[PDB]
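Enquirer: Just so it is clear, I am handing over data-v2.cif, which has mmCIF, C-alpha atoms and all ligand atoms.
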```cif
data_coords
loop_
_atom_site.label_atom_id
_atom_site.label_comp_id
_atom_site.auth_asym_id
_atom_site.auth_seq_id
_atom_site.Cartn_x
_atom_site.Cartn_y
_atom_site.Cartn_z
CA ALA A 1 0.00 0.00 0.00
CA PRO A 2 1.00 3.63 -0.67
CA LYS A 3 2.52 5.31 2.38
CA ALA A 4 1.84 8.88 3.55
CA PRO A 5 4.83 11.13 2.79
CA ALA A 6 6.56 13.38 5.29
CA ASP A 7 4.85 16.46 6.71
CA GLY A 8 5.79 19.87 5.35
CA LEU A 9 4.87 19.12 1.75
CA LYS A 10 4.68 22.39 -0.22
CA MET A 11 1.96 22.73 -2.82
CA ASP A 12 3.46 25.35 -5.14
CA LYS A 13 1.80 25.25 -8.52
CA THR A 14 0.75 28.88 -7.87
CA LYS A 15 2.10 32.13 -6.45
CA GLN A 16 0.17 31.37 -3.25
CA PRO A 17 1.88 28.16 -2.11
CA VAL A 18 0.47 26.13 0.79
CA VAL A 19 2.05 23.57 3.14
CA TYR A 20 0.20 20.28 3.62
CA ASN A 21 0.79 17.95 6.56
CA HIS A 22 -0.54 14.39 6.28
CA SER A 23 -0.24 13.79 10.02
CA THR A 24 -3.02 16.26 10.93
CA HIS A 25 -5.34 14.54 8.41
CA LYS A 26 -5.19 10.93 9.56
CA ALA A 27 -8.87 10.87 10.38
CA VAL A 28 -9.61 11.35 6.66
CA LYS A 29 -9.36 8.20 4.52
CA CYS A 30 -6.54 8.38 1.99
CA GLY A 31 -9.02 7.86 -0.86
CA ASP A 32 -11.10 10.92 0.07
CA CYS A 33 -8.22 12.95 -1.31
CA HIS A 34 -6.37 10.44 -3.51
CA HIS A 35 -9.76 9.63 -4.91
CA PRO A 36 -10.89 6.91 -7.32
CA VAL A 37 -10.27 7.55 -11.02
CA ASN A 38 -11.41 4.77 -13.40
CA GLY A 39 -12.21 2.75 -10.32
CA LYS A 40 -8.84 2.99 -8.54
CA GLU A 41 -7.63 5.47 -5.92
CA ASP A 42 -5.15 7.71 -7.78
CA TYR A 43 -2.06 8.82 -5.84
CA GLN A 44 -0.48 10.98 -8.55
CA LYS A 45 0.15 14.65 -7.92
CA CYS A 46 -3.17 16.46 -8.15
CA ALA A 47 -2.05 18.73 -11.05
CA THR A 48 -0.73 15.84 -13.21
CA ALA A 49 -1.57 16.35 -16.87
CA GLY A 50 -5.13 15.23 -17.50
CA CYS A 51 -5.96 15.68 -13.76
CA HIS A 52 -6.33 19.11 -12.13
CA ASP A 53 -3.99 20.75 -14.65
CA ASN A 54 -6.05 23.89 -15.46
CA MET A 55 -4.36 26.78 -13.68
CA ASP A 56 -7.14 29.24 -14.42
CA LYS A 57 -8.51 29.93 -10.94
CA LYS A 58 -12.02 30.66 -12.30
CA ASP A 59 -12.40 27.23 -13.93
CA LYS A 60 -14.98 24.93 -12.30
CA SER A 61 -14.39 21.84 -14.42
CA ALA A 62 -12.77 18.63 -13.25
CA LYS A 63 -9.48 20.05 -14.46
CA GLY A 64 -9.65 23.25 -12.35
CA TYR A 65 -6.84 23.16 -9.73
CA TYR A 66 -8.13 26.13 -7.68
CA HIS A 67 -11.65 24.64 -7.78
CA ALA A 68 -10.41 21.31 -6.39
CA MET A 69 -8.83 23.02 -3.35
CA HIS A 70 -11.44 25.70 -2.54
CA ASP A 71 -15.01 24.95 -3.63
CA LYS A 72 -18.04 23.45 -1.92
CA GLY A 73 -20.51 20.97 -3.41
CA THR A 74 -17.70 18.91 -4.98
CA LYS A 75 -17.81 15.14 -5.35
CA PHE A 76 -14.88 14.84 -2.94
CA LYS A 77 -14.60 17.50 -0.22
CA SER A 78 -12.01 20.15 -1.03
CA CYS A 79 -9.53 21.58 1.46
CA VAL A 80 -11.78 24.60 2.12
CA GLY A 81 -15.04 22.68 1.85
CA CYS A 82 -14.07 20.20 4.51
CA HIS A 83 -12.55 22.92 6.71
CA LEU A 84 -15.79 24.93 6.62
CA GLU A 85 -17.64 21.91 8.06
CA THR A 86 -14.89 21.40 10.65
CA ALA A 87 -14.95 25.00 11.84
CA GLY A 88 -18.74 25.09 12.10
CA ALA A 89 -19.94 28.23 13.83
CA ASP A 90 -16.59 28.91 15.53
CA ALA A 91 -15.35 32.14 13.98
CA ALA A 92 -11.78 31.68 15.26
CA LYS A 93 -11.59 28.28 13.61
CA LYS A 94 -13.20 29.71 10.49
CA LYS A 95 -10.37 32.24 10.25
CA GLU A 96 -7.70 29.64 10.99
CA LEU A 97 -8.98 26.92 8.68
CA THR A 98 -10.89 28.80 5.95
CA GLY A 99 -9.59 32.39 5.88
CA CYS A 100 -8.28 33.62 2.58
CA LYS A 101 -5.42 35.42 4.31
CA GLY A 102 -3.97 35.10 7.79
CA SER A 103 -5.04 31.46 7.93
CA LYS A 104 -3.13 28.20 8.35
CA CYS A 105 -3.17 27.87 4.54
CA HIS A 106 -2.35 31.44 3.39
CA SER A 107 -0.32 34.06 5.32
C1 LIG B 1 -3.51 7.96 3.66
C2 LIG B 1 -2.69 7.31 4.74
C3 LIG B 1 -2.72 8.63 2.62
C4 LIG B 1 -1.72 8.17 1.76
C5 LIG B 1 -1.23 6.72 1.66
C6 LIG B 1 -1.26 9.24 1.03
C7 LIG B 1 -0.19 9.22 0.08
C8 LIG B 1 0.35 10.31 -0.59
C9 LIG B 1 1.47 10.24 -1.45
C10 LIG B 1 2.24 9.00 -1.84
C11 LIG B 1 1.73 11.53 -1.82
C12 LIG B 1 2.85 12.06 -2.72
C13 LIG B 1 2.42 12.14 -4.19
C14 LIG B 1 3.58 12.50 -5.09
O1 LIG B 1 3.99 11.62 -5.91
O2 LIG B 1 4.17 13.59 -4.97
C15 LIG B 1 0.76 12.35 -1.23
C16 LIG B 1 0.60 13.71 -1.48
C17 LIG B 1 -0.53 14.48 -1.07
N1 LIG B 1 -1.55 14.02 -0.34
FE1 LIG B 1 -1.74 12.20 0.50
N2 LIG B 1 -1.96 10.37 1.33
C18 LIG B 1 -2.85 10.00 2.28
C19 LIG B 1 -3.86 10.82 2.77
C20 LIG B 1 -4.18 12.13 2.34
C21 LIG B 1 -5.34 12.82 2.69
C22 LIG B 1 -6.36 12.31 3.68
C23 LIG B 1 -5.34 14.00 1.94
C24 LIG B 1 -6.41 15.02 1.86
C25 LIG B 1 -6.87 15.58 3.18
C26 LIG B 1 -4.14 13.94 1.18
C27 LIG B 1 -3.71 14.99 0.35
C28 LIG B 1 -2.45 15.03 -0.30
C29 LIG B 1 -2.00 16.15 -1.03
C30 LIG B 1 -2.73 17.47 -1.19
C31 LIG B 1 -0.75 15.79 -1.49
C32 LIG B 1 0.11 16.63 -2.39
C33 LIG B 1 -0.21 16.36 -3.85
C34 LIG B 1 0.21 17.44 -4.82
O3 LIG B 1 0.61 18.58 -4.41
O4 LIG B 1 -0.04 17.25 -6.01
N3 LIG B 1 -3.46 12.82 1.41
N4 LIG B 1 -0.08 11.59 -0.47
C1 LIG B 2 -4.77 15.35 -5.26
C2 LIG B 2 -4.61 14.85 -3.83
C3 LIG B 2 -6.14 15.54 -5.71
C4 LIG B 2 -7.14 16.38 -5.19
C5 LIG B 2 -7.03 17.27 -3.98
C6 LIG B 2 -8.27 16.20 -6.00
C7 LIG B 2 -9.52 16.81 -5.75
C8 LIG B 2 -10.67 16.60 -6.52
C9 LIG B 2 -11.94 17.15 -6.18
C10 LIG B 2 -12.21 18.06 -4.98
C11 LIG B 2 -12.81 16.68 -7.11
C12 LIG B 2 -14.30 16.99 -7.27
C13 LIG B 2 -14.60 18.19 -8.14
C14 LIG B 2 -16.09 18.44 -8.41
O1 LIG B 2 -16.39 19.52 -8.96
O2 LIG B 2 -16.91 17.57 -8.09
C15 LIG B 2 -12.05 15.88 -8.01
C16 LIG B 2 -12.59 15.28 -9.16
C17 LIG B 2 -11.80 14.61 -10.13
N1 LIG B 2 -10.47 14.53 -10.12
FE1 LIG B 2 -9.26 14.90 -8.56
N2 LIG B 2 -8.03 15.33 -7.01
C18 LIG B 2 -6.74 14.91 -6.85
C19 LIG B 2 -6.08 14.04 -7.72
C20 LIG B 2 -6.55 13.65 -8.97
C21 LIG B 2 -5.73 12.98 -9.93
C22 LIG B 2 -4.30 12.49 -9.65
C23 LIG B 2 -6.47 12.93 -11.09
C24 LIG B 2 -6.08 12.40 -12.41
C25 LIG B 2 -5.69 10.96 -12.45
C26 LIG B 2 -7.75 13.53 -10.78
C27 LIG B 2 -8.82 13.56 -11.65
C28 LIG B 2 -10.14 13.95 -11.29
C29 LIG B 2 -11.26 13.70 -12.09
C30 LIG B 2 -11.27 13.07 -13.49
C31 LIG B 2 -12.32 14.09 -11.33
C32 LIG B 2 -13.81 13.84 -11.63
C33 LIG B 2 -14.17 12.45 -11.06
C34 LIG B 2 -15.53 11.92 -11.06
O3 LIG B 2 -16.44 12.76 -11.35
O4 LIG B 2 -15.78 10.76 -10.60
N3 LIG B 2 -7.75 13.99 -9.50
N4 LIG B 2 -10.76 15.84 -7.62
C1 LIG B 3 -6.19 20.33 0.92
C2 LIG B 3 -4.94 19.97 0.15
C3 LIG B 3 -5.97 20.67 2.33
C4 LIG B 3 -5.12 21.56 2.91
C5 LIG B 3 -4.10 22.49 2.24
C6 LIG B 3 -5.33 21.49 4.31
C7 LIG B 3 -4.56 22.21 5.25
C8 LIG B 3 -4.74 22.11 6.66
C9 LIG B 3 -3.99 22.85 7.60
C10 LIG B 3 -2.90 23.85 7.19
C11 LIG B 3 -4.46 22.46 8.83
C12 LIG B 3 -3.96 22.92 10.22
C13 LIG B 3 -2.97 21.85 10.79
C14 LIG B 3 -1.70 21.78 9.96
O1 LIG B 3 -0.91 22.77 9.98
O2 LIG B 3 -1.47 20.74 9.29
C15 LIG B 3 -5.45 21.52 8.58
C16 LIG B 3 -6.22 20.93 9.59
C17 LIG B 3 -7.34 20.07 9.44
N1 LIG B 3 -7.83 19.70 8.24
FE1 LIG B 3 -7.08 20.16 6.43
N2 LIG B 3 -6.31 20.60 4.61
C18 LIG B 3 -6.71 20.11 3.42
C19 LIG B 3 -7.77 19.19 3.24
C20 LIG B 3 -8.64 18.73 4.25
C21 LIG B 3 -9.79 17.93 3.99
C22 LIG B 3 -10.22 17.50 2.58
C23 LIG B 3 -10.39 17.70 5.22
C24 LIG B 3 -11.60 16.95 5.55
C25 LIG B 3 -12.13 15.91 4.60
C26 LIG B 3 -9.55 18.35 6.16
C27 LIG B 3 -9.74 18.33 7.55
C28 LIG B 3 -8.91 18.93 8.51
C29 LIG B 3 -9.09 18.79 9.91
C30 LIG B 3 -10.20 18.03 10.58
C31 LIG B 3 -8.06 19.52 10.49
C32 LIG B 3 -7.84 19.78 11.97
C33 LIG B 3 -8.58 21.04 12.37
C34 LIG B 3 -7.95 21.80 13.51
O3 LIG B 3 -8.69 22.58 14.12
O4 LIG B 3 -6.71 21.85 13.47
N3 LIG B 3 -8.52 19.01 5.56
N4 LIG B 3 -5.65 21.32 7.26
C1 LIG B 4 -10.50 32.14 0.86
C2 LIG B 4 -11.81 31.71 0.31
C3 LIG B 4 -9.37 31.85 -0.04
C4 LIG B 4 -9.00 32.48 -1.23
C5 LIG B 4 -9.66 33.65 -1.91
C6 LIG B 4 -7.87 31.79 -1.71
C7 LIG B 4 -7.11 32.18 -2.81
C8 LIG B 4 -6.06 31.47 -3.41
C9 LIG B 4 -5.38 31.90 -4.54
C10 LIG B 4 -5.58 33.23 -5.28
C11 LIG B 4 -4.50 30.91 -4.87
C12 LIG B 4 -3.62 30.88 -6.12
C13 LIG B 4 -4.42 30.55 -7.36
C14 LIG B 4 -3.63 30.77 -8.65
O1 LIG B 4 -3.57 29.86 -9.49
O2 LIG B 4 -3.03 31.87 -8.80
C15 LIG B 4 -4.71 29.89 -3.92
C16 LIG B 4 -4.06 28.65 -3.92
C17 LIG B 4 -4.25 27.60 -2.99
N1 LIG B 4 -5.07 27.71 -1.91
FE1 LIG B 4 -6.27 29.24 -1.39
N2 LIG B 4 -7.57 30.73 -0.91
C18 LIG B 4 -8.42 30.80 0.11
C19 LIG B 4 -8.39 29.93 1.24
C20 LIG B 4 -7.58 28.77 1.31
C21 LIG B 4 -7.51 27.94 2.43
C22 LIG B 4 -8.17 28.23 3.76
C23 LIG B 4 -6.72 26.84 2.07
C24 LIG B 4 -6.36 25.66 2.89
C25 LIG B 4 -7.53 24.95 3.53
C26 LIG B 4 -6.34 27.09 0.73
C27 LIG B 4 -5.56 26.21 -0.04
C28 LIG B 4 -5.01 26.50 -1.30
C29 LIG B 4 -4.18 25.60 -2.00
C30 LIG B 4 -3.87 24.18 -1.62
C31 LIG B 4 -3.70 26.32 -3.09
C32 LIG B 4 -2.69 25.85 -4.13
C33 LIG B 4 -1.24 26.06 -3.69
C34 LIG B 4 -0.25 25.87 -4.82
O3 LIG B 4 -0.19 24.75 -5.39
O4 LIG B 4 0.47 26.86 -5.14
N3 LIG B 4 -6.82 28.27 0.29
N4 LIG B 4 -5.65 30.25 -3.02
#
```
Can the structure in the file be given as C-alpha cells, please?
Ligand code: HEM
Ligand code: HEM
Ligand code: HEM
Ligand code: HEM
Expert:
Amino acid sequence: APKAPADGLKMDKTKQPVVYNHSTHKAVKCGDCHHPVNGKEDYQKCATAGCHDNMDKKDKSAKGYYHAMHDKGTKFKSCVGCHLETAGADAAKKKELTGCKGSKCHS
C-alpha cells in the first residue's frame, strides 16, 4: 500500500503556495483525497496532466486546480469545503482553517 509522505509538503503550482501535513489529516481516509479515477484510488500529484492541470482559478471543471482546493458541493470535499464543516460556527476556527489570508493555509 502507498505510504503517507513526510509532513511539510509544499503545494506550489501557484504564487500562493500552501504547506500540507498528512499527520493532521489521519482521520480522513486516503481515498477521500487520492480519490478513485477509473475505479482505482489515484495517488499521482493532483495537477498531473489530464488531472487538475487547469491553472485558471475561475475554472470549475474537473481540471480546475483552484476549484479542487477551494469549492463546496464537490464530489470529494475540497480543502476549504471540509474545513468549513470542521470550523462550524466557531469564527476563530473559520479564520484559521478557511480564511483567505492570515489562515493556516495562506499568510
Ligand atoms: C492515507 C494514509 C494517505 C496516503 C497513503 C497518502 C499518500 C500520498 C502520497 C504517496 C503523496 C505524494 C504524491 C507524489 O507523488 O508527490 C501524497 C501527497 C498528497 N496528499 Fe496524501 N496520502 C494519504 C492521505 C491524504 C489525505 C487524507 C489527503 C487530503 C486531506 C491527502 C492529500 C495530499 C496532497 C494534497 C498531497 C500533495 C499532492 C500534490 O501537491 O499534487 N493525502 N499523499
Ligand atoms: C490530489 C490529492 C487531488 C485532489 C485534492 C483532487 C480533488 C478533486 C476534487 C475536490 C474533485 C471533485 C470536483 C467536483 O467539482 O466535483 C475531483 C474530481 C476529479 N479529479 Fe481529482 N483530485 C486529486 C487528484 C486527482 C488525480 C491524480 C487525477 C487524475 C488521475 C484527478 C482527476 C479527477 C477527475 C477526473 C475528477 C472527476 C471524477 C468523477 O467525477 O468521478 N484527481 N478531484
Ligand atoms: C487540501 C490539500 C488541504 C489543505 C491544504 C489542508 C490544510 C490544513 C492545515 C494547514 C491544517 C492545520 C494543521 C496543519 O498545519 O497541518 C489543517 C487541519 C485540518 N484539516 Fe485540512 N487541509 C486540506 C484538506 C482537508 C480535507 C479535505 C479535510 C476533511 C475531509 C480536512 C480536515 C482537517 C481537519 C479536521 C483539520 C484539523 C482542524 C484543527 O482545528 O486543526 N482538511 N488542514
Ligand atoms: C479564501 C476563500 C481563499 C481564497 C480567496 C484563496 C485564494 C487562493 C489563490 C488566489 C491561490 C492561487 C491561485 C492561482 O492559481 O493563482 C490559492 C491557492 C491555494 N489555496 Fe487558497 N484561498 C483561500 C483559502 C484557502 C484555504 C483556507 C486553504 C487551505 C484549507 C487554501 C488552499 C489553497 C491551495 C492548496 C492552493 C494551491 C497552492 C499551490 O499549489 O500553489 N486556500 N488560493
Enquirer: Padding 4 Å on every side, please: axis-aligned box over the listed atoms of ligand LIG 3 (chain B), centre and edge lengths to one decimal in Å, as JSON.
Expert:
```
{"center_x": -6.5, "center_y": 19.9, "center_z": 7.1, "size_x": 19.2, "size_y": 15.9, "size_z": 22.0}
```
Enquirer: What does the distance from CA of residue 75 (chain A) to atom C21 of ligand LIG 3 (chain B) come to in Å, to one decimal?
Expert: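 Between CA of residue 75 (chain A) and atom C21 of ligand LIG 3 (chain B) the gap works out to 12.6 Å.
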Enquirer: Taking only C-alpha atoms and all ligand atoms into account, which residues have an atom no farther than 8 Å from ligand LIG 1 (chain B)? I'd like them as a list in words.
Expert: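 Within the 8 Å cut-off, the matching residues are residues 1, 2, 3, 4, 5, 9, 10, 11, 12, 13, 20, 22, 25, 26, 27, 28, 29, 30, 31, 32, 33, 34, 43, 44, 45, 46, 47, 48 and 79 of chain A.
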Enquirer: Take CA of residue 90 (chain A) and CA of residue 24 (chain A) and report the distance between them in Å, one decimal.
Expert: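 It comes out at 19.1 Å.
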Enquirer: Can you tell me which residues surround residue 97 (chain A) at a distance of at most 12 Å, considering only C-alpha atoms, apart from same-chain residues fewer than 4 positions away, and format the answer as an MDAnalysis selection string?
Expert: chainID A and resid 70 79:88 90:93 101:107
Enquirer: With C-alpha atoms retained, write the just-selected residues as a compact mmCIF listing (two decimals), in the frame of the given file.
Expert:
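The result, stored in out-v9.txt:
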```txt
# COMPACT_ATOMS: atom_id res chain seq x y z
CA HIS A 70 -11.44 25.70 -2.54
CA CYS A 79 -9.53 21.58 1.46
CA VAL A 80 -11.78 24.60 2.12
CA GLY A 81 -15.04 22.68 1.85
CA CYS A 82 -14.07 20.20 4.51
CA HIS A 83 -12.55 22.92 6.71
CA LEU A 84 -15.79 24.93 6.62
CA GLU A 85 -17.64 21.91 8.06
CA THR A 86 -14.89 21.40 10.65
CA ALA A 87 -14.95 25.00 11.84
CA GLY A 88 -18.74 25.09 12.10
CA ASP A 90 -16.59 28.91 15.53
CA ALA A 91 -15.35 32.14 13.98
CA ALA A 92 -11.78 31.68 15.26
CA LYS A 93 -11.59 28.28 13.61
CA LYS A 101 -5.42 35.42 4.31
CA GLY A 102 -3.97 35.10 7.79
CA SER A 103 -5.04 31.46 7.93
CA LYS A 104 -3.13 28.20 8.35
CA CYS A 105 -3.17 27.87 4.54
CA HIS A 106 -2.35 31.44 3.39
CA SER A 107 -0.32 34.06 5.32
```
Enquirer: Using Å and a single decimal, report how far CA of residue 6 (chain A) sits from CA of residue 42 (chain A).
Expert: 18.4 Å
Enquirer: Which protein, DNA or RNA residues have an atom at most 12 Å from (-12.1, 24.7, -10.9), counting only C-alpha atoms? List them as a PyMOL selection string.
Expert: chain A and resi 47+51-74+78
Enquirer: Taking all atoms listed in the file into account, name the residue in A:15, A:39, A:8, A:23 that is nearest to ligand LIG 4 (chain B).
Expert: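 For ligand LIG 4 (chain B), the nearest of the given residues is A:15.
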Enquirer: Which residue, A:96, A:36, A:89, A:41, has the smallest gap to ligand LIG 3 (chain B) when you use all atoms listed in the file?
Expert: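 Looking only at the distances to ligand LIG 3 (chain B), the closest residue turns out to be A:96.
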Enquirer: Grab region 27-78 of chain A from that structure and dump C-alpha atoms to a file, as a PDB file, in the first residue's frame.
Expert:
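Saved the output as part.pdb:
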```
ATOM      1  CA  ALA A  27      -8.871  10.869  10.381  1.00  0.00           C
ATOM      2  CA  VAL A  28      -9.609  11.349   6.661  1.00  0.00           C
ATOM      3  CA  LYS A  29      -9.362   8.204   4.524  1.00  0.00           C
ATOM      4  CA  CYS A  30      -6.539   8.378   1.987  1.00  0.00           C
ATOM      5  CA  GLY A  31      -9.024   7.864  -0.856  1.00  0.00           C
ATOM      6  CA  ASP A  32     -11.105  10.920   0.067  1.00  0.00           C
ATOM      7  CA  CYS A  33      -8.225  12.945  -1.310  1.00  0.00           C
ATOM      8  CA  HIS A  34      -6.367  10.437  -3.511  1.00  0.00           C
ATOM      9  CA  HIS A  35      -9.761   9.629  -4.914  1.00  0.00           C
ATOM     10  CA  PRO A  36     -10.889   6.908  -7.320  1.00  0.00           C
ATOM     11  CA  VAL A  37     -10.271   7.552 -11.019  1.00  0.00           C
ATOM     12  CA  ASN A  38     -11.408   4.769 -13.398  1.00  0.00           C
ATOM     13  CA  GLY A  39     -12.207   2.748 -10.318  1.00  0.00           C
ATOM     14  CA  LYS A  40      -8.837   2.991  -8.537  1.00  0.00           C
ATOM     15  CA  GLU A  41      -7.626   5.474  -5.924  1.00  0.00           C
ATOM     16  CA  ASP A  42      -5.149   7.707  -7.781  1.00  0.00           C
ATOM     17  CA  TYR A  43      -2.059   8.815  -5.838  1.00  0.00           C
ATOM     18  CA  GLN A  44      -0.484  10.975  -8.555  1.00  0.00           C
ATOM     19  CA  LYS A  45       0.146  14.646  -7.923  1.00  0.00           C
ATOM     20  CA  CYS A  46      -3.173  16.456  -8.149  1.00  0.00           C
ATOM     21  CA  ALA A  47      -2.049  18.726 -11.052  1.00  0.00           C
ATOM     22  CA  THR A  48      -0.734  15.840 -13.206  1.00  0.00           C
ATOM     23  CA  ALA A  49      -1.570  16.350 -16.868  1.00  0.00           C
ATOM     24  CA  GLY A  50      -5.133  15.225 -17.501  1.00  0.00           C
ATOM     25  CA  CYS A  51      -5.963  15.676 -13.763  1.00  0.00           C
ATOM     26  CA  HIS A  52      -6.326  19.114 -12.134  1.00  0.00           C
ATOM     27  CA  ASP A  53      -3.994  20.747 -14.646  1.00  0.00           C
ATOM     28  CA  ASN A  54      -6.046  23.889 -15.461  1.00  0.00           C
ATOM     29  CA  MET A  55      -4.363  26.779 -13.684  1.00  0.00           C
ATOM     30  CA  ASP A  56      -7.142  29.244 -14.420  1.00  0.00           C
ATOM     31  CA  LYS A  57      -8.507  29.929 -10.943  1.00  0.00           C
ATOM     32  CA  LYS A  58     -12.018  30.663 -12.299  1.00  0.00           C
ATOM     33  CA  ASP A  59     -12.399  27.235 -13.933  1.00  0.00           C
ATOM     34  CA  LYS A  60     -14.975  24.935 -12.297  1.00  0.00           C
ATOM     35  CA  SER A  61     -14.387  21.838 -14.421  1.00  0.00           C
ATOM     36  CA  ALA A  62     -12.767  18.627 -13.250  1.00  0.00           C
ATOM     37  CA  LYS A  63      -9.482  20.048 -14.456  1.00  0.00           C
ATOM     38  CA  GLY A  64      -9.648  23.246 -12.355  1.00  0.00           C
ATOM     39  CA  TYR A  65      -6.841  23.156  -9.727  1.00  0.00           C
ATOM     40  CA  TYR A  66      -8.127  26.127  -7.678  1.00  0.00           C
ATOM     41  CA  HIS A  67     -11.652  24.637  -7.782  1.00  0.00           C
ATOM     42  CA  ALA A  68     -10.411  21.313  -6.395  1.00  0.00           C
ATOM     43  CA  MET A  69      -8.827  23.018  -3.351  1.00  0.00           C
ATOM     44  CA  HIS A  70     -11.438  25.703  -2.544  1.00  0.00           C
ATOM     45  CA  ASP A  71     -15.011  24.948  -3.634  1.00  0.00           C
ATOM     46  CA  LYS A  72     -18.043  23.450  -1.916  1.00  0.00           C
ATOM     47  CA  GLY A  73     -20.505  20.968  -3.407  1.00  0.00           C
ATOM     48  CA  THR A  74     -17.696  18.914  -4.979  1.00  0.00           C
ATOM     49  CA  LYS A  75     -17.807  15.139  -5.351  1.00  0.00           C
ATOM     50  CA  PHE A  76     -14.879  14.837  -2.936  1.00  0.00           C
ATOM     51  CA  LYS A  77     -14.604  17.503  -0.218  1.00  0.00           C
ATOM     52  CA  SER A  78     -12.015  20.152  -1.026  1.00  0.00           C
TER      53      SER A  78
END
```
